[PDB]
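Here is run_13.txt, consisting of compact mmCIF, C-alpha atoms:
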# COMPACT_ATOMS: atom_id res chain seq x y z
CA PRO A 1 60.32 117.28 147.72
CA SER A 2 61.41 115.08 144.75
CA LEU A 3 59.75 114.77 141.32
CA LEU A 4 60.05 112.04 138.71
CA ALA A 5 58.18 111.00 135.58
CA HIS A 6 56.82 107.46 135.06
CA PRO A 7 57.74 105.87 132.81
CA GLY A 8 59.55 109.01 131.73
CA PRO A 9 59.53 112.69 130.65
CA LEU A 10 59.14 112.00 126.92
CA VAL A 11 55.40 111.54 126.44
CA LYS A 12 53.71 110.37 123.27
CA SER A 13 50.89 112.61 122.12
CA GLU A 14 47.57 111.64 123.71
CA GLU A 15 49.08 109.05 126.05
CA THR A 16 49.36 109.69 129.77
CA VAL A 17 52.28 109.88 132.15
CA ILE A 18 52.51 109.98 135.94
CA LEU A 19 54.53 112.60 137.74
CA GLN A 20 55.26 111.50 141.26
CA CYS A 21 55.97 113.89 144.10
CA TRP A 22 57.53 112.39 147.20
CA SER A 23 59.42 113.47 150.30
CA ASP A 24 60.57 112.26 153.71
CA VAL A 25 58.72 115.30 155.04
CA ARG A 26 55.15 114.24 155.81
CA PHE A 27 53.06 116.61 153.70
CA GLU A 28 49.26 116.33 153.73
CA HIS A 29 49.08 118.03 150.36
CA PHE A 30 51.26 118.17 147.20
CA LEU A 31 50.91 120.84 144.56
CA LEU A 32 52.22 120.02 141.08
CA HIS A 33 53.01 123.23 139.32
CA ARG A 34 53.62 123.81 135.58
CA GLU A 35 55.49 127.00 134.54
CA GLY A 36 55.16 128.93 131.29
CA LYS A 37 52.27 130.56 129.42
CA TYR A 38 50.02 127.71 130.51
CA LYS A 39 50.97 127.90 134.15
CA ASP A 40 48.69 125.95 136.46
CA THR A 41 48.74 123.91 139.63
CA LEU A 42 47.26 120.54 140.50
CA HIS A 43 46.52 119.47 144.06
CA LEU A 44 46.45 115.95 145.52
CA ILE A 45 46.14 114.70 149.07
CA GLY A 46 49.39 113.10 150.15
CA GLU A 47 49.90 109.48 151.11
CA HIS A 48 52.36 108.16 153.72
CA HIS A 49 53.69 104.58 153.87
CA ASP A 50 57.23 103.52 154.77
CA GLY A 51 57.69 106.93 156.48
CA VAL A 52 57.50 108.80 153.21
CA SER A 53 54.98 111.21 151.68
CA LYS A 54 54.04 110.98 148.02
CA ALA A 55 51.46 111.83 145.36
CA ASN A 56 50.98 110.52 141.83
CA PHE A 57 49.64 113.06 139.37
CA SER A 58 48.21 111.61 136.17
CA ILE A 59 49.02 114.07 133.39
CA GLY A 60 45.91 113.66 131.17
CA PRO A 61 46.06 112.56 127.50
CA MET A 62 49.26 114.34 126.49
CA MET A 63 48.59 117.62 124.71
CA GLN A 64 50.83 120.45 123.69
CA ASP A 65 49.53 122.72 126.51
CA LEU A 66 50.60 120.06 129.08
CA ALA A 67 54.24 120.10 127.93
CA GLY A 68 56.79 122.23 129.74
CA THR A 69 58.63 122.58 133.03
CA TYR A 70 57.07 121.20 136.24
CA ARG A 71 57.92 121.53 139.98
CA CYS A 72 56.09 120.34 143.08
CA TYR A 73 55.53 121.52 146.56
CA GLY A 74 54.47 119.95 149.77
CA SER A 75 52.00 121.78 152.02
CA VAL A 76 50.35 121.16 155.37
CA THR A 77 47.78 123.90 155.56
CA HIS A 78 44.26 124.24 154.13
CA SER A 79 43.77 126.46 151.04
CA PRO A 80 45.21 128.91 150.59
CA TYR A 81 48.00 126.31 151.08
CA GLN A 82 51.29 127.37 152.60
CA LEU A 83 53.94 125.90 150.26
CA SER A 84 57.31 124.33 151.00
CA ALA A 85 60.45 124.89 148.90
CA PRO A 86 60.05 123.67 145.24
CA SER A 87 61.45 120.41 143.90
CA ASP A 88 64.05 120.44 141.13
CA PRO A 89 62.40 121.37 137.80
CA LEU A 90 61.49 118.55 135.37
CA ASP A 91 60.74 119.07 131.71
CA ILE A 92 57.98 117.00 130.06
CA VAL A 93 57.69 117.03 126.27
CA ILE A 94 55.15 115.72 123.82
CA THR A 95 56.51 113.46 121.08
CA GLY A 96 55.07 111.89 117.96
CA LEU A 97 54.28 115.05 116.03
CA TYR A 98 56.61 114.83 113.02
CA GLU A 99 58.27 112.24 110.83
CA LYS A 100 60.78 110.20 112.80
CA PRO A 101 64.41 110.67 111.84
CA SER A 102 66.71 107.71 111.13
CA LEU A 103 69.26 106.70 113.76
CA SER A 104 72.46 104.78 112.93
CA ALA A 105 75.88 103.79 114.46
CA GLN A 106 79.09 104.51 112.48
CA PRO A 107 81.15 101.70 113.74
CA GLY A 108 77.91 99.72 114.13
CA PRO A 109 75.48 98.60 116.88
CA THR A 110 78.02 96.13 118.22
CA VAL A 111 81.37 97.47 119.37
CA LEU A 112 84.43 96.69 121.55
CA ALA A 113 84.89 98.40 124.86
CA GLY A 114 87.36 101.23 124.41
CA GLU A 115 86.53 101.71 120.71
CA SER A 116 84.80 104.83 119.52
CA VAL A 117 81.25 104.84 118.38
CA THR A 118 79.30 107.67 116.78
CA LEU A 119 75.54 107.94 116.27
CA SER A 120 74.02 109.85 113.33
CA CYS A 121 70.49 111.09 113.25
CA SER A 122 69.12 112.10 109.86
CA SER A 123 66.01 113.19 108.16
CA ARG A 124 64.69 114.32 104.84
CA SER A 125 62.74 116.97 106.78
CA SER A 126 64.92 119.63 108.35
CA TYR A 127 64.77 120.15 112.08
CA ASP A 128 66.14 123.10 114.03
CA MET A 129 67.21 120.76 116.83
CA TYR A 130 68.02 117.06 117.25
CA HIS A 131 67.76 115.24 120.58
CA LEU A 132 69.60 112.03 121.47
CA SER A 133 68.15 110.06 124.31
CA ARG A 134 69.35 106.93 126.05
CA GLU A 135 66.94 104.74 127.99
CA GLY A 136 67.50 105.02 131.74
CA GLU A 137 69.31 108.34 131.63
CA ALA A 138 68.11 111.87 132.37
CA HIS A 139 70.60 113.92 130.39
CA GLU A 140 69.94 114.17 126.68
CA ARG A 141 72.35 115.52 124.09
CA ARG A 142 71.41 118.08 121.51
CA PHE A 143 72.65 119.26 118.13
CA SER A 144 71.37 122.61 116.84
CA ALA A 145 71.00 123.80 113.25
CA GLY A 146 72.52 126.95 114.69
CA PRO A 147 72.01 130.58 113.59
CA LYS A 148 70.81 129.31 110.17
CA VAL A 149 67.00 129.48 109.89
CA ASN A 150 66.27 126.61 107.58
CA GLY A 151 67.00 123.64 109.88
CA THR A 152 69.46 120.87 109.26
CA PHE A 153 69.14 117.32 107.90
CA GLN A 154 71.77 115.67 110.03
CA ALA A 155 73.28 115.47 113.46
CA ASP A 156 76.30 113.44 114.54
CA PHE A 157 76.72 112.47 118.18
CA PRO A 158 80.22 111.09 118.86
CA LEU A 159 79.93 109.03 121.99
CA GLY A 160 83.67 108.54 122.33
CA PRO A 161 85.13 105.20 123.71
CA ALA A 162 82.42 102.60 124.17
CA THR A 163 82.03 101.84 127.90
CA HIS A 164 78.50 100.49 128.55
CA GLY A 165 75.71 99.45 126.19
CA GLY A 166 72.41 101.25 125.89
CA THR A 167 69.28 101.72 123.85
CA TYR A 168 69.22 105.05 121.98
CA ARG A 169 66.51 107.16 120.38
CA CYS A 170 66.62 110.49 118.54
CA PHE A 171 63.97 113.13 117.82
CA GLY A 172 63.73 116.30 115.84
CA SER A 173 62.14 119.60 116.91
CA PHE A 174 61.52 123.17 115.73
CA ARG A 175 62.80 126.39 117.31
CA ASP A 176 59.32 127.87 117.64
CA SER A 177 58.04 124.89 119.74
CA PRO A 178 60.97 123.21 121.71
CA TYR A 179 58.75 120.99 123.86
CA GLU A 180 57.13 119.44 120.81
CA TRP A 181 59.17 116.65 119.25
CA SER A 182 58.94 114.27 116.34
CA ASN A 183 58.02 110.67 116.57
CA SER A 184 60.94 108.74 117.96
CA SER A 185 63.41 107.18 115.53
CA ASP A 186 63.57 103.39 115.69
CA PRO A 187 65.51 102.54 118.87
CA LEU A 188 69.15 101.63 118.38
CA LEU A 189 70.55 99.07 120.81
CA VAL A 190 74.31 99.46 121.14
CA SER A 191 76.29 96.55 122.61
CA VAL A 192 79.77 96.66 124.04
CA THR A 193 82.02 93.61 124.57
Serialized structure, C-alpha cells:
Amino acid sequence: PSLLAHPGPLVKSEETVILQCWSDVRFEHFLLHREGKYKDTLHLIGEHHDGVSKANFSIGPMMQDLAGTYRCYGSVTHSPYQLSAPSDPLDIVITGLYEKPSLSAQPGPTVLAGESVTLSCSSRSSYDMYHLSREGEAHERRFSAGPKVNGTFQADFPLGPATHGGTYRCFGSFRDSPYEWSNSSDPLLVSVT
C-alpha cells in the first residue's frame, strides 16, 4: 500500500491536508496509522476504480498533535481488522508557528546552467534547525545549529551547479518540537538558462 500527502506533507496550522492510501491490492478497508506519543488509527472503507484500491483521509484542521509519522494498511476482514504490510512512512509537519526566515540566492534567482548557486536562510530569531524545501520534491535538506544549545541565525545551502529551476522555501524549527515549523519564508523561484 502507498501513501501520499495532498497537496503535500507541510501543513499550515489549522488547514487540512489529505493523506491518500492506495494499492493494486483490492482492500475493503484502509487503516491510517500515526506513530508517536499520540498514536492513533483512522479507518475508511476502500474504493476501487481502474482496478485500484484507495482511501482519502482528511487530516482535520492541522494541530500539533496531528503532526508526526504516518503509515497505512489495507485490510479485508471485519474488526478486529487483519492488517497487511505497512506502507512507507510519511512525515507530516505543522508550519506557520514562528516568524518566517528570509531566503536568498547568492549568485541570484536567475543563473546559468552549470554555474553554482547557493541559498541562504536567515533569521533574527535563532532556530535549532533550518529546512530547505523545493516544490515537487520529497527530500528536504537540513542545517543544524549543532551541539550548541542557543540556535543559529543562518544556514547556507550550496546547491552546486545549476541544472533545473525550482521554487524554494525554508523554515526554522526547535529541537524540542521537530515537527513544528515556522511560517514559510517567501518562496524563491530560481531560474536556469
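Closest to residue 185 of chain A among A:11, A:121, A:83, A:67 is A:121, based on only C-alpha atoms.
In this comparison, which uses all atoms listed in the file, the residue of A:168, A:27, A:70, A:130 approaching residue 42 of chain A most closely is A:70.
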Using all atoms listed in the file, determine which residues lie at most 9 Å from segment 136-152 of chain A, disregarding the query and same-chain residues fewer than 5 positions distant; provide the list as an MDAnalysis selection string. chainID A and resid 8:9 122:123 125:131 157 166:167 174:175
Residues near residue 56 of chain A, cut-off 8 Å, all atoms listed in the file, skip fewer than 4 positions along chain, as a VMD selection string: chain A and resid 18 to 21 44
Taking 3 positions as the minimum chain separation for residues in the same chain, which residues sit within 10 Å of residue 191 of chain A when counting only C-alpha atoms? Answer as a PyMOL selection string. chain A and resi 108-113+162-167+188
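The residue that comes closest to residue 98 of chain A, out of A:15, A:158, A:184, A:192 and on the basis of only C-alpha atoms, is A:184.
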So, counting only C-alpha atoms, which residue among A:79, A:104, A:182, A:177 is closest to residue 117 of chain A? A:104
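In this comparison, which uses all atoms listed in the file, the residue of A:170, A:5, A:159, A:31 approaching residue 82 of chain A most closely is A:31.
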Residues within 8 Å of residue 60 of chain A, please, as a list in words. Count only C-alpha atoms; anything in the same chain fewer than 6 positions from it doesn't count. residues 14, 15, 16 and 17 of chain A
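Residues surrounding residue 156 of chain A within 7 Å are residues 118, 119, 120 and 121 of chain A [all atoms listed in the file; sequence separation below 5 positions excluded].
If you look at atom CA of residue 181 of chain A and atom CA of residue 155 of chain A, they are 15.3 Å away from each other.
Ranking A:43, A:34, A:54, A:48 by their shortest atom-to-atom distance to residue 71 of chain A, with all atoms listed in the file included, puts A:34 first.
Atom to atom, atom CA of residue 7 of chain A and atom CA of residue 84 of chain A stand 25.9 Å apart.
One distance worth recording is that between atom CA of residue 69 of chain A and atom CA of residue 93 of chain A, which is 8.8 Å.
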Kindly output segment 110-126 of chain A as a compact mmCIF listing (two decimals), in the coordinates of the input, after building N, CA, C and O atoms.
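Everything below was put into result.txt:
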# COMPACT_ATOMS: atom_id res chain seq x y z
N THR A 110 77.19 96.94 117.33
CA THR A 110 78.02 96.13 118.22
C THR A 110 79.49 96.56 118.21
O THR A 110 80.17 96.47 117.19
N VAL A 111 80.00 97.00 119.34
CA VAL A 111 81.37 97.47 119.37
C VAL A 111 82.19 96.99 120.57
O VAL A 111 81.62 96.48 121.55
N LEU A 112 83.52 97.12 120.48
CA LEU A 112 84.43 96.69 121.55
C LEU A 112 84.66 97.78 122.53
O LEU A 112 84.86 98.93 122.15
N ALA A 113 84.68 97.42 123.81
CA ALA A 113 84.89 98.40 124.86
C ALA A 113 86.18 99.14 124.51
O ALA A 113 87.15 98.53 124.04
N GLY A 114 86.18 100.46 124.71
CA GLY A 114 87.36 101.23 124.41
C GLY A 114 87.37 101.78 122.98
O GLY A 114 88.13 102.71 122.69
N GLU A 115 86.58 101.20 122.08
CA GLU A 115 86.53 101.71 120.71
C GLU A 115 85.45 102.80 120.59
O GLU A 115 84.44 102.81 121.32
N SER A 116 85.69 103.72 119.67
CA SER A 116 84.80 104.83 119.52
C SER A 116 83.59 104.55 118.71
O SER A 116 83.67 103.88 117.68
N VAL A 117 82.44 105.02 119.18
CA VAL A 117 81.25 104.84 118.38
C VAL A 117 80.51 106.17 118.27
O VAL A 117 80.43 106.93 119.24
N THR A 118 80.03 106.45 117.07
CA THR A 118 79.30 107.67 116.78
C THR A 118 77.92 107.38 116.22
O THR A 118 77.75 106.49 115.33
N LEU A 119 76.91 108.08 116.75
CA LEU A 119 75.54 107.94 116.27
C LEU A 119 75.17 109.11 115.38
O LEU A 119 75.50 110.26 115.67
N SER A 120 74.46 108.82 114.28
CA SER A 120 74.02 109.85 113.33
C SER A 120 72.52 109.78 113.26
O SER A 120 71.92 108.70 113.18
N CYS A 121 71.92 110.96 113.26
CA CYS A 121 70.49 111.09 113.25
C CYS A 121 70.21 111.89 111.98
O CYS A 121 70.78 112.99 111.78
N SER A 122 69.38 111.35 111.07
CA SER A 122 69.12 112.10 109.86
C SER A 122 67.69 112.08 109.41
O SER A 122 66.90 111.26 109.83
N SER A 123 67.38 113.00 108.53
CA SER A 123 66.01 113.19 108.16
C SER A 123 65.90 113.96 106.87
O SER A 123 66.65 114.92 106.63
N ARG A 124 64.92 113.59 106.07
CA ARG A 124 64.69 114.32 104.84
C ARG A 124 63.98 115.62 105.14
O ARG A 124 63.91 116.50 104.27
N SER A 125 63.40 115.73 106.35
CA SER A 125 62.74 116.97 106.78
C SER A 125 63.78 117.63 107.69
O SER A 125 64.40 116.97 108.52
N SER A 126 63.95 118.94 107.54
CA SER A 126 64.92 119.63 108.35
C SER A 126 64.32 119.91 109.72
O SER A 126 63.12 120.10 109.86
